[PDB]
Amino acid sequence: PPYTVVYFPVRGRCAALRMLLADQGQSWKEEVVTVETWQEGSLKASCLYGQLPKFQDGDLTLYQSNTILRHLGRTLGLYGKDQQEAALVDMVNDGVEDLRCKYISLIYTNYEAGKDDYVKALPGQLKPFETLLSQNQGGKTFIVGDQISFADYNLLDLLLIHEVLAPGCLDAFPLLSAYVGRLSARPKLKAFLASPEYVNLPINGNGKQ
């Protein structure tokens, strides 16, 4: 198997790259890291920024989830068909990252106090991606151009975890909803999304969702 994913037993910042790997018919080894292993200290100390995911593609070793996604996109043709489209994919993914940061802050540092304000503010954070969809072939293909990209898998995961956090949060965004259903029903992705290696994992690392 060409790829190794080294992460905690969490969906987290690895859910999107896992989706990408599964939907593209790739195989990969999961190295699961428990609390005991991480506290041991040597794995962490070997990690560039002392964090996970760690990712192996042959004898290339990568850290940072967004770096990993861009890498897979580069080498599996999921980065747009020209340089202009590649910039657009960078835009979209960076917006996805900003919102994911806000989500992670809510989850890990302010769930009970912040959830109401967060759900009240969420439609403003989702409207940019519906605008994006509506300007690209009526939103009936992918988020950028007419072929799938790594930003699609990233945006999809962000949308799914938000539909967990605030159910019905996509009712006001018909295009984003049809987009979730369409990408979710792709066959290899569907299979992965229903497998135990996905369902048995919590979204996050602190029991909140």
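One-based numbering along the sequence shown.
When the C-alpha B-factors of 169-177 and 49-57 are averaged, 169-177 comes out higher. Comparing the deposited coordinates for 146-154 and 62-70, the stretch with the larger average C-alpha B-factor is 146-154. In the PDB entry, the Cα temperature factor peaks, among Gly139, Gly124, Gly77, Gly95, at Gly139. The PDB entry gives the largest Cα B-factor of the residues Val35, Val32, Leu160, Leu43 to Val35.
Residue-level temperature factors show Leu88 in the lowest third of its chain, judged at the C-alpha atom. Among all modelled residues in this chain, the alpha-carbon of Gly207 has a temperature factor (C-alpha) in the middle third. In this PDB entry, the Cα temperature factor of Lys102 sits in the bottom third of its chain's modelled residues, the lowest group.
In this PDB entry, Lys190 carries a Cα temperature factor that places it within the middle third of its chain's modelled residues.
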